[PDB]
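Each remark here refers to the structure printed beneath this line.
Encoded structure:
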């Protein structure tokens, strides 16, 4: 079923969708800090592998708002609740790795 | 003749019940949950017209928090008061409340802290939008009730959310979406499937199959008459346990909408006033 | 030197004293440890704090003890905790600042300093239970333990009340602080005047939850004759909800006592103050978790007070005793005569099985459910007595003194708070250890419907009432029964002669049947045993002369429990099968058993 | 002492299912099948509070179709000697 490959490219596009959903997943949840798992799950429920993957890619694009701190007891998420999601919107737009990766 | 109710929707996130905090009070919120124990709709005041005959009555306002009393101030006049009452049933704003005590979603439950239900009152046309024993999403309107107060969320937007563009399943699935497309490519596995159901059991296969299929479809819908029932009821008779279904059923514990009703002595609390019986297994086996 | 008026706590001077310590620690603890990492922890940990920016330093207590300075600081802390911790937090922020300044630009930039960091000291003192405590210590750090009984939902607390005026309106709002809210009569904007109603918007006020946890404390070390006290602690803040019910937790907090108004109408207060725990540190710490385990987590409490190592040797020694399998069964019931195989099967019930989670699920635990019947006055009671005595978590109950509900979920009105409160019935409690069931044959048909769920599930699902849940209760079952006979009488179907559902019957792991052949020739002996004591009237030499352990047993049981995980390998397999084959030649469960 | 007019004829005939708040408080004609229909009890509706601590009688109130709520604060107090309705002196209805 080449329907599969269709789904593959489609998801490749849904990266951006995820940015937009995560961005503002924070914002329509007037918190901007959080339990990474939680929102990960809500946005997940919108559409886990894909989910965590997005968690990663966003971290990479925006290693400013986001920090991941492994502590004894585990890796704690760090999230800058004051980061600017518009700038972050355009930045997410431009750096998909410029969609070159 | 002026009554307006405004309902936002399409909020970006979803909050867990336990996730609730006192910081979020008085701001709208997002919660989905399992409905329990609905209550009959009862009229409200919104604004009530109550005042004394001295000198003028049925000033229209408040009783806002459940009190329900009373006329607050500038009584009577000129009997200025205090006094009390008098309420015009001629003039006030009824509403609603059906209220409901909803439970947190089952799957979520962190071990072992166990579920905690909360109550929410259905005001406005969102009333009755609810169904008991149902996963449903709501807009927070959260706030509080005295008790000393106890927070109780409220609901503007009642969504029963919780098929398909099988794509949008794939799109939804997307990450594996690569992986098991192979499975679609793959074959025989009707065996391997069959070769997977109740690993517990030696043989017992015709069953293992049967369960599998039972999980499968067969379509609602005629419109002549009966929407053709897709569902299939399976009976398995046997010499007693040692696996009875003492095995098979328990195994079948692993599944969606999955209702393991131990014994038939309940007595039909199943369908009590959730079909413990049934409405919970809707699109699932009890 | 300033002071605090009664605290004798010099304002500052401990800020230096601390500052020195905080800055400079390394491990002086290893000295107490006798030693046998080099660098000081506090700075490093603190830096981690700054980076992560989590505030909430839970300290140690005692690192101070033993270090000079701060030795006294240990004392004053235990004594006058609140003020102390305040000073502590202050010094802490100041120190964070002085640190950033070293780093020049730090974390973009100065906001973070304004944020609040707080001490959550733990490990403080060896506190004796609760019931022990005197009014002498109303406010002190105190250590506690044991499973979590029940927990109230969050209860809002306005530090800050919220008020508005009829005029103009102005929205001004008063902070509670002291536990009364004194509202202004009139008025803000207008002001005026005017004796204009100042409205209190309850939706607009602040809320703290500081949650409420019913605590069932186990200090162990039970002086007797006391029965476990239950506790309730107010937590506060981030601590709230961090605890699942039933957790076995170490937490420390401030002893607290409050009067409560009796009339609920009149201003009267009850004198006779009511004590609660303030709940400082638990063992957010929740977020920290095994970051706590860093610094190695106190050498695992120095083995958690394992046996006199010598005693352990005694254990491993007695293990060699070949008779041990028997000797134990003897030691089991000193008072009871003969009927050994009983004492044995029980002994196994003490050693029962091993828990298996599979990948998930699995979870056959070790559970074994023994039933026993026979002619009455068998002492059949006495045993249940003994076990119950031994069993830490066990509970002894009578048929018909019972119904399917009292075993679970009373969900009674708390009525202390005038609240409804979920009360674990008998069974949920009994999770762990064993259950002692009188008059099983006589239980209400409603009752024991419970059982099949338990026995099979080994857990319990209550969908009832406000909360629907499946709670796990894993416990052993010991049931007593009287044949209708009450002598079951010869022949008959015994299976009949026992009454009960042949299925529910079949459920019981160990089916013990007691009977009397009138060994003449027994009664004599039994009568000798019995007839003894007699002498001595003051209890002495029950079974003498015979070899038995006493408490060594308890420990041994404990250890074996803790440390053993048997695995049958292949060997059993064959014969094992052939057995159950001969049996059905009966049920699978028989095998499982 | 009194005569009540039944008038006659007002279509309309708002059906059953079709009614709105706009329909409320205004005269409406309708028809339909008699389902379970109440027994009769005399009207004259009044509710009142004998309390507990604050002695009595808190006087008659008229409530409500149908609330009977909430009777917040009266008579000393208002609590904790709080209110209990009495069989004596509470007007009833049955009607239809």
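Chains as they are written, first to last, in PDB author numbering: chain C, 499 to 545, 551 to 604; chain 6, 260 to 406, 449 to 463, 499 to 557, 559 to 610, 624 to 636; chain 4, 177 to 212, 221 to 467, 478 to 779, 793 to 800; chain 2, 291 to 386.
We treat Cβ as the ideally placed atom computed from N, Cα and C, and that holds for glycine.
- Considering only beta carbons, the part of the stretch 319 to 330 of chain 6 lying closer than 9 angstroms to chain 2 consists of 322, 325, 326, 327, 328 and 329, in chain order.
- Those residues of the stretch 558 to 578 of chain C placed with their C-beta closer than 9 angstroms to a C-beta in chain 4 are 570, 572, 574, 575, 576 and 577, ordered along the chain.
- Shortest Cα-Cα distance from residue 274 (chain 4) to any of 260 (chain 4), 299 (chain 4) and 259 (chain 4) involves 299 (chain 4).
- Beta-bridge annotation (DSSP): residue 625 (chain 6) is paired with 607 (chain 6).
- Apart from the 5 residues on each side of it in sequence, residue 591 (chain 4) sits with its Cβ closer than 7 angstroms to the Cβ of 620, 630, 631 and 632 in its chain, given in chain order.
- Checking the DSSP bridge columns, you'll see residue 342 (chain 6) has no partner listed.
- Collapsing the DSSP output to three states places residue 758 (chain 4) in coil.
- For residue 363 (chain 2), at least one C-beta of chain 6 is nearer than 8 angstroms to its own C-beta.
- For the options 315 (chain 4), 263 (chain 4) and 653 (chain 4), the alpha carbon positioned closest to that of residue 407 (chain 4) is the one of 315 (chain 4).
- From the beta-carbon of residue 532 (chain 4), no residue of chain C is found nearer than 8 angstroms; the closest lies around 55 angstroms away.
- Judged by pairs of C-beta atoms under 8 angstroms, the stretch 307 to 323 of chain 6 does not touch the stretch 262 to 275 of chain 6, as fewer than three such pairs exist.
- Beta-carbon to beta-carbon, residue 401 (chain 4) and residue 328 (chain 4) are separated by about 6 angstroms, close enough to satisfy the 8 angstroms threshold.
- Uninterrupted alpha helix (DSSP H) stretches at least 4 residues long and entirely within the stretch 587 to 657 of chain 4 occur at 620 to 624 and 643 to 651, given in chain order.
- Annotation: residue 573 (chain C) is outside any alpha helix (DSSP H); the continuous beta strand (DSSP E) that includes it extends over 569 to 574.
- Look at residue 581 (chain C): its C-beta is under 8 angstroms from a C-beta on chain 4.
- Between residue 419 (chain 4) and residue 439 (chain 4), the C-beta gap is not smaller than 8 angstroms, which leaves the two residues out of contact.
- Assignment of residue 526 (chain 6) by DSSP, reduced to helix, strand and coil, places it in the helix class.
- For residue 312 (chain 2), the C-beta contacts it makes with chain 6 under 8 angstroms involve 260, in order along the chain.
- Rounded to whole angstroms, the Cβ separation of residue 507 (chain 6) and residue 509 (chain C) is 7 angstroms, and the two are in contact under 8 angstroms.
- In the displayed model, residue 458 (chain 4) falls within a strand according to three-state DSSP.
- Within the model, the alpha-carbon separation for residue 698 (chain 4) versus residue 646 (chain 4) is close to 7 angstroms.
- Of the candidates 544 (chain 6), 450 (chain 6), 624 (chain 6) and 635 (chain 6), the residue whose Cα lies closest to the Cα of residue 569 (chain 6) is 635 (chain 6).
- For residue 284 (chain 6), the C-beta contacts it makes with chain 4 under 8 angstroms involve 340, 387 and 391, in order along the chain.
- With a threshold of 8 angstroms between beta carbons, residue 484 (chain 4) makes contact with chain C.
- Uninterrupted beta strand (DSSP E) stretches at least 3 residues long and entirely within the stretch 687 to 717 of chain 4 occur at 704 to 708, given in chain order.
- Interface annotation, residue 432 (chain 4): not in contact with chain 6, CB-CB separation never under 8 angstroms.
- Beta-carbon to beta-carbon, residue 371 (chain 2) and residue 334 (chain 2) are separated by about 28 angstroms, too far to satisfy the 8 angstroms threshold.
- Beyond the five residues adjoining it in sequence on each side, residue 596 (chain 6) comes within less than 6 angstroms, by CB distance, of 630, 631 and 636 in the same chain, given in chain order.
- Straight across, the Cα-Cα distance linking residue 519 (chain 4) with residue 777 (chain 4) is about 26 angstroms.
- Ranked by how close their Cα comes to the Cα of residue 678 (chain 4), the residues 652 (chain 4), 635 (chain 4), 458 (chain 4) and 544 (chain 4) have 635 (chain 4) in first place.
- Taking 8 angstroms as the upper bound on Cβ-Cβ separation, chain C lies near no residue of the stretch 363 to 379 of chain 6.
- At a cut-off of 8 angstroms between C-beta atoms, residue 367 (chain 2) counts as an interface residue with respect to chain 4.
- Within the stretch 260 to 277 of chain 6, contact with chain C at the beta-carbon level (separation under 9 angstroms) is assigned to 269, 270, 271, 272, 273, 274 and 275.
- Taking all protein chains shown into account, residue 456 (chain 4) has fewer than 16 neighbouring C-beta atoms within 10 Å of its C-beta and is therefore exposed.
- Between residue 571 (chain C) and residue 580 (chain C), the CB-CB gap stays under 8 angstroms.
- The three-state secondary structure of residue 292 (chain 6), taken from DSSP, is strand.
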